[PDB]
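Chemist: Kindly return the folded structure for what I paste below:
(chains A and B)
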Amino acid sequence: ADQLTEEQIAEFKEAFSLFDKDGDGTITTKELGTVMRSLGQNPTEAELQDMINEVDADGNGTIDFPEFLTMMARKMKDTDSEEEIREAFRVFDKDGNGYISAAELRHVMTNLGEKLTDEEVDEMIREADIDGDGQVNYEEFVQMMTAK
Amino acid sequence: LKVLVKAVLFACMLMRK
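Modeler: Numbering: from 1, shown residues only, chains lettered A, B, ... in the order given. Let me share the structure:
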């Protein structure tokens, strides 16, 4: 229902640099599972190549930036995309306090192999908290996808 | 949250496949 613009396009190319630590425009099989080990799952060689061949345009175990935008905009057109957001909420809000707590958000950042301060966490709240409750809800979370 | 929100949606669609 909602379409992305050149502005939203800059966040994607910018979002691609997290999975593309090489700077060539590829998300290799080993880079995707590195994301899998920080999520709390065991990555297998059968799964790694299986996930890639879904978007992989070349077919060598790497995902490119043109078709990466192809996967998100596809299932985002069924409007039943509410079941997919429940997935982002469980990764952020682990104990389901109904919203996203600062204590759990930190662990997600620290589990990625990085060290951040609480001062930055306040920035996420002003960015997603409408009434400024200090935590992130799913309802606001839904609207956060169409935010520029 | 705006950038790190798009990264989680991609891993959830490739993991449930």
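
Chemist: what does chain B put close to chain A?
Modeler: Taking C-beta under 8 Å from any C-beta of the partner chain as the contact definition, chain B meets chain A at B:1-3, B:5-17. C-beta: built from backbone N, CA, C; applies to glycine.

Chemist: the helices in chain B, which residues?
Modeler: In chain B, the helices defined using DSSP state H lie at B:4-15.

Chemist: Can you name the residue of it nearest to chain A?
Modeler: Chain A sits closest to residue B:12 of chain B, with a gap of 3.6 Å, by C-beta to the nearest C-beta.

Chemist: OK, contacts around that residue?
Modeler: Counting by C-beta atoms under 8 Å, 6 or more residues apart in numbering or on different chains, residue B:12 makes contact with A:84, A:87-88, A:91.

Chemist: If we use 6 Å, what do you get?
Modeler: Contact analysis of residue B:12 by C-beta atoms under 6 Å, 6 or more residues apart in numbering or on different chains lists residue A:87.

Chemist: ok, the residue most central in space within chain A to residue A:15 distance?
Modeler: By C-alpha atoms, centre = their mean, chain A has its centre lying nearest to residue A:88, at 7.5 Å. Taking C-beta to C-beta, to the nearest Å as the measure, residue A:88 falls 14 Å from residue A:15.
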